[PDB]
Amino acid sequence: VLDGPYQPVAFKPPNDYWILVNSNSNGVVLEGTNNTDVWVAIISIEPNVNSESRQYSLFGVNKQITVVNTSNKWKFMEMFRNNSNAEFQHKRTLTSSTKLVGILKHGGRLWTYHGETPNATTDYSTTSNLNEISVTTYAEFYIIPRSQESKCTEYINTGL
C-alpha cells in the first residue's frame, strides 16, 4: 500500500513519483533545486501565529520571511525563484490538519499541493531542466507512484 518510510536525505527523485513528506517540525520541511531555473522550499508555520518575521535557511543562506497563520491548521508556504540571484517569493499556500506535503516531477513540470485540507489540489511550476532537480527532505517521507495520485491526494487531505 505504502512505500517507505525513508529518512531525511538529499537525492534526485525519479520522474512520476510523489514524495510524501510527514512534517513534524516548523522550519524548512523541504527544498529542491536544479541550480539552473528552479529553487523551491516548503516552509512550515504552526497554528495561531500573528504576522511576524521569522528566520529560515534556504539552500545554505539565512533569510528573513514574513509569516502569518491566524488559522487553527498548520500552514505550509511554498517559496520560489527561477533565478540564482533573485529573492524568493511566496508562491503558493497549503493549509493542513494532516501536516503532509508532497512534491512531484512529471510532464516536464514540478508539482505541489495547495489549497486547504480536505480539499487540497495540485499545481505546477515550469522548468527547462526537470531531471536535474535534486530534493532535500528534513522529515520522514514516503514514495508514491503517479498512477496512484488519487491515493496521495487522499493522504494529503485526510492523513495516514
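The first residue of the sequence shown is number 1, and the count goes up from there.
Across the two stretches, 133-141 and 19-27, the PDB entry reports the greater mean Cα temperature factor for 19-27. The question of which stretch, 50-58 or 114-122, has the higher mean Cα B factor is settled in favour of 50-58. Of the candidates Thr33, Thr93, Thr70, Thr98, the deposited coordinates give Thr70 the top C-alpha B factor. In this PDB entry, the Cα temperature factor of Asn157 sits in the middle third of its chain's modelled residues. Ranked within its chain, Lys105 lands in the lowest third, by CA B factor from the PDB record.
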